[PDB]
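Student: Would you be able to build a 3D model of this:
(chains A, B and C)
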Amino acid sequence: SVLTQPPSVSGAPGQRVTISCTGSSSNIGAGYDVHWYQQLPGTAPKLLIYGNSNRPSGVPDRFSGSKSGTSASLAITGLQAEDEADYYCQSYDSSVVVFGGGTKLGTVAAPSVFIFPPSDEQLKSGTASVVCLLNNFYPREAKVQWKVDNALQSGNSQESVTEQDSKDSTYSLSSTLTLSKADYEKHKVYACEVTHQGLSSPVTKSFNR
Amino acid sequence: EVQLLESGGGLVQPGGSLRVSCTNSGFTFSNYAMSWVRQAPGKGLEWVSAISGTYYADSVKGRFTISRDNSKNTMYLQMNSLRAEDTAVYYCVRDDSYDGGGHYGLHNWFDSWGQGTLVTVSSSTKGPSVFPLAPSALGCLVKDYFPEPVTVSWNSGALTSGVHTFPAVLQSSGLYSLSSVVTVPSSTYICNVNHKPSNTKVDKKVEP
Amino acid sequence: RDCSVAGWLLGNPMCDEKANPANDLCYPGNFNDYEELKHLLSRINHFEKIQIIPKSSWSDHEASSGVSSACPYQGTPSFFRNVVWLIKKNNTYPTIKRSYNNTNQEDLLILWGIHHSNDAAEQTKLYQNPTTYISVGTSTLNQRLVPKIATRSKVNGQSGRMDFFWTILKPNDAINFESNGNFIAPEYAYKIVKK
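Tutor: Numbers count the residues shown, from 1 in each chain, chains lettered A, B, ... in the order given. Please see the structure below:
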């Protein structure tokens, strides 16, 4: 199921990016075609290219496959924020089917930051968790700090990050700090400190019990 | 629309059995070959098997069985012996060929893709807990469920405005947790939550 | 050997006179003027096969494309070895300009083919162009072809048809193919010595 593909690309709007899909002389050194698939993040694959150069309808003219020897290439001209997906190439080898390993993909925004206290119901249940929100920033590299009375709390959080949004093209991240309610209520101040690229003097949002 | 529909998937134990039908309308079933393509969590696609006449990838051989009924215009995949690594969302797929009326898989592509139905191999079941993240952006969080998936709607579900439904976090508890949030500049709103295979439907109105 | 006549020339992956053969034409469609050729097809005391146009001559179209369930070789879809089925490239089927002057002082056996389809959306799938043609000429003869398109049965599992044609290209002469679609070009040809 693996041909070969680069892990991820990066590009700028309107610019051109080239997607390689390599392979042995066994499969693409055979002459079997290469097909591509554009699969939106949390959706089925959509047939992108077929027969190495051809596209079905609903597909833009900004997409062109080019097949060369044991390799093949997906190119895109006139980029858009609608084009963000995982791009896989498919081909056959001694039947079966083989796939690429896929390839993922500009103004700097400062992330809108928030901090959300715990619920009530979550308390009488059992333990308690605390969530910090960062909305719609670029770039992807970043960091979040949980400061309890300045104490940098390590061990207590897992954080998930949203795949780049379609039309704005901006990520968002929720950091969830999971605790034990007993070990929770002692102190008062609970913070979130965020350093972005657009930063200036850094930002820390918090609250009191 | 042209509808590929795969139904009946959920939690199975290792060494279990699962029969997944793909349900079809919009064309003539008998006139096309069909396939199954599966995608594991955080992974790409892997050919499972196809039928016009049956073909199978190597990882599934002898423990998977592909079967088509054009009388009822559906097709199955019988999965027994199922281990662990078999957990993937299952897309029922259309095989489309330059050479037309061919029933042939050899070289053709996949134009039409199913919606997908997640098969999970593990034990044991669960259902989530819905607590609000409350304002002076906002939304609610989902704690402690199993298996995946859940699904988050908003205000009866018709809201696409600044909404964020996060990637689920498999926790230390071995129980997925996550958050769905919305956005807004200044100032009743409910998130509508279903985790289907606990038979769970919950919706909680949010406000401070 | 196992084959018929025509397909054996076209190359017909299923075979490497014969009364009533298993494999004549693996893909359906007509055969234009079988009979005539048959007669002077024998009376040949000398024979060999050589190339004229490789698939590598075309940069503007997608060359190795058509191979079908109707023409497999050991369970794998293939095509008449010597004929070449041409598909659009990059969503585009530029009109073909190609000519072959016979520099050999020995004569030449020439054949080519036309693919008939059913739906014109399906025509749009392969050749991209709704209305196509084929026109060829040598010296005496000038041919003009158009695909007939409505719908059809399943013969050889296939709903489409393929008509093939033949000629004899004199030495120090040429042959001129013109098509923007629905065309099956040659690859290898036959040197012929008559009785």
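Student: Can you tell me how far residue B:177 is from residue A:177?
Tutor: For residue B:177, the distance to residue A:177 equals 12 Å [CB to CB, to the nearest Å]. C-betas here are computed from N, CA, C, even on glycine.
Student: Mutual contacts of the two, please.
Tutor: Here residue B:177 and residue A:177 share the contacting residues residue A:129, scored by CB atoms under 8 Å, 6 or more residues apart in numbering or on different chains.
Student: For chain C, which segments count as strands?
Tutor: Ranges of strands in chain C, per DSSP state E, are C:44-51, C:68-73, C:76-78, C:83-85, C:98-101, C:107-116, C:134-137, C:142-145, C:161-169, C:174-178, C:184-186, C:188-194.
Student: Chain B is nearest to which of those?
Tutor: strand C:68-73 (3.4 Å; CB to the nearest CB).
Student: in chain A, which residue is closest to the centre?
Tutor: residue A:163 (3.4 Å; CA atoms, centre = their mean).
Student: one step back: dump the strands of chain C to CSV, plus mean neighbour count and distance to residue B:120.
Tutor: Formatted as CSV, the strands of chain C follow (neighbours: other CB atoms under 10 Å in any protein chain shown; distance: least, CB to CB, whole Å):
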stretch, mean neighbour count, distance to residue B:120
strand C:44-51, 10, 57
strand C:68-73, 22, 37
strand C:76-78, 19, 37
strand C:83-85, 23, 46
strand C:98-101, 12, 58
strand C:107-116, 21, 48
strand C:134-137, 18, 56
strand C:142-145, 14, 57
strand C:161-169, 20, 49
strand C:174-178, 18, 58
strand C:184-186, 22, 50
strand C:188-194, 15, 56
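Student: In TSV, list the ones you listed along with distance to chain A.
Tutor: As requested, the strands of chain C are exported to TSV (distance: least, CB to the nearest CB, whole Å):
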stretch	distance to chain A
strand C:44-51	17
strand C:68-73	12
strand C:76-78	8
strand C:83-85	12
strand C:98-101	20
strand C:107-116	16
strand C:134-137	21
strand C:142-145	24
strand C:161-169	19
strand C:174-178	22
strand C:184-186	17
strand C:188-194	17
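Student: I'd like to know which of these lies nearest to residue A:88.
Tutor: Ranking the strands of chain C by proximity to residue A:88 (CB to CB) places strand C:76-78 first, at 23.3 Å.
Student: who does the closest one touch, helix- and strand-wise?
Tutor: strand C:68-73 (3 or more CB pairs under 8 Å, 6 or more residues apart in numbering or on different chains; DSSP states H and E).
Student: Can you name the residues that contact the residue nearest to residue A:10 when sequence neighbours are not counted?
Tutor: Among residues not flanking residue A:10 along the chain, residue A:105 sits closest, at 6.7 Å (CB to CB, 6 or more residues apart in numbering or on different chains). In this structure, residue A:105 makes contact with A:8, A:9, A:10, A:11, A:17, A:83, A:84, A:85, A:164, judged by CB under 8 Å, 6+ apart.
Student: Go again with 7 Å.
Tutor: By CB atoms under 7 Å, 6 or more residues apart in numbering or on different chains, the residues touching residue A:105 are A:8, A:9, A:10, A:11, A:84.
Student: List only those of those residues flagged as buried.
Tutor: A:9, A:84 (16 or more other CB atoms under 10 Å in any protein chain shown).
Student: Spell out which residues of chain C are next to chain B.
Tutor: Contact residues, chain C versus chain B (CB under 7 Å from any CB of the partner chain): C:65-66, C:68-69, C:76-77, C:87, C:122, C:126, C:154, C:157-160.
Student: Could you point out which of those residues is nearest to residue B:18?
Tutor: Nearest member of those to residue B:18, counting by CB to CB, is residue C:69, at 30.6 Å.
Student: The closest one is in contact with residue B:101, isn't it?
Tutor: No - at 8.3 Å, residue C:69 does not count as touching residue B:101 under the criterion of CB atoms under 7 Å.
Student: Mutual contacts of these two, please.
Tutor: Common neighbours of residue C:69 and residue B:101 (CB under 7 Å, 6+ apart) are residue C:157.
Student: Wait, a strand at residue A:12?
Tutor: No - counting by DSSP: H, G, I helix; E, B strand; the rest coil, residue A:12 is not found in a strand; it is coil.
Student: so what's it closest to, chain neighbours aside?
Tutor: Among residues not flanking residue A:12 along the chain, residue A:106 sits closest, at 5.1 Å (CB to CB, 6+ apart).
Student: Any idea what the residue nearest in space to the middle of chain B is bridged to?
Tutor: By CA atoms, centre = their mean, chain B has its centre lying nearest to residue B:117, at 3.2 Å. Assessed by DSSP bridges, residue B:117 has beta-bridge partners residue B:90.
Student: Could I get the phi/psi values of residue A:125?
Tutor: For residue A:125, the backbone dihedrals (degrees, to the nearest 10) come out as phi -60, psi -50.
Student: what's the neighbour count on it?
Tutor: For residue A:125, the count of nearby residues is 14 (other CB atoms under 10 Å in any protein chain shown).
Student: what do you get for residue B:36?
Tutor: That count, for residue B:36 with other CB under 10 Å as the rule, works out to 28.
Student: domain parsing for the chain?
Tutor: Just so you know, I chose chain A. A:1-106, A:107-209 (curated CATH domains).
Student: was after chain B, sorry
Tutor: B:1-123, B:124-208.
Student: what's the closest non-adjacent residue to residue C:150?
Tutor: Nearest one to residue C:150, counting by CB to CB, 6+ apart, is residue C:118 at 6.5 Å.
Student: ok, now which ones touch the one you found?
Tutor: C:149, C:150, C:151, C:152, C:159, C:160 are the contacts of residue C:118 under CB under 7 Å, 6+ apart.
Student: need the residues of chain A near chain C, please.
Tutor: Checking chain A against chain C by CB under 7 Å from any CB, the hits are A:31, A:51, A:52, A:53, A:54, A:55, A:64.
Student: Could you give the number of residues near the third one?
Tutor: The local packing count at residue A:52 equals 25, with neighbours defined by other CB under 10 Å.
Student: Nearest to chain A within chain C, name that residue for me.
Tutor: For chain C, CB to the nearest CB, closest residue to chain A: residue C:90, 4.2 Å.
Student: thought residue A:181 was touching residue A:123?
Tutor: Yes - proximity of residue A:181 to residue A:123 meets the contact threshold set by CB under 7 Å, at 6.0 Å.
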